[PDB]
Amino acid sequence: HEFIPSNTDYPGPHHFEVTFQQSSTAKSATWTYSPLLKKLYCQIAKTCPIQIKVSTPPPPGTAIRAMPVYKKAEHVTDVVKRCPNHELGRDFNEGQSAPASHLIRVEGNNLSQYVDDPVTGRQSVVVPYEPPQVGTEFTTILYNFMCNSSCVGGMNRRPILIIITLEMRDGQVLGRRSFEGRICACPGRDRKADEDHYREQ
């Protein structure tokens, strides 16, 4: 209905929260998050796990929506899709049941549904919200990205921003958080450099 995904955090009634645990001081590390720059550094198609949390059990049939947007205004109008070279390829499109075009995928959850909103044209994947696990503090949705931040054709070196939403069976918004995403060949280097430049300021 709306073509400019709201970017602003807003926990809402319940206190929707997104956090990343595992850390890896390496360069070719599948994934690693930078708290100082609220930016996730993930590799191509590598298992990326984020952890959701809330204070009170949300309404029945709630959802978790993950959708990509561009950080800059000049680009934000353009739908974030998978580049031709990675779309038409066999690798990962061979019997996966997820639209070749989709950038973000959800790993290990049949209940996950990929969405192409017909008017907006935006793409996003959803899963029913889950109560953590009995002995855990958070809910672990584990995501995937199928294009580097620099894929000529798709992203094209443009910075994105993954937005995680706590939704109603109908769409009404109960929560939201966001952060910058940069898919690389190796997040060790990329992250350090960006935090060293931040330190350089």
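We call the rigid core the largest set of C-alpha positions that still match within 1.5 Å between the two forms. Heads up: residue numbers just count along the shown sequence, starting at 1.
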query: RMS CA shift, core-fitted in 7 other deposited structures of this protein, bigger for 25 to 33 or for 47 to 55; finding: 25 to 33
query: Stretch farther from the shown model on average in 7 other deposited structures of this protein, with CA RMS computed after core superposition (171 to 179, 134 to 142); finding: 134 to 142
query: Between 126 to 134 and 73 to 81 (mean CA B-factor, as deposited), the higher; finding: 126 to 134
query: Per the entry, higher mean C-alpha B factor between 58 to 66 and 26 to 34; finding: 26 to 34
query: Chain third (lowest, middle, highest) by recorded CA B-factor, residue given as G154; finding: lowest
query: CA B-factor ranking of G95, expressed as a third of its chain; finding: highest
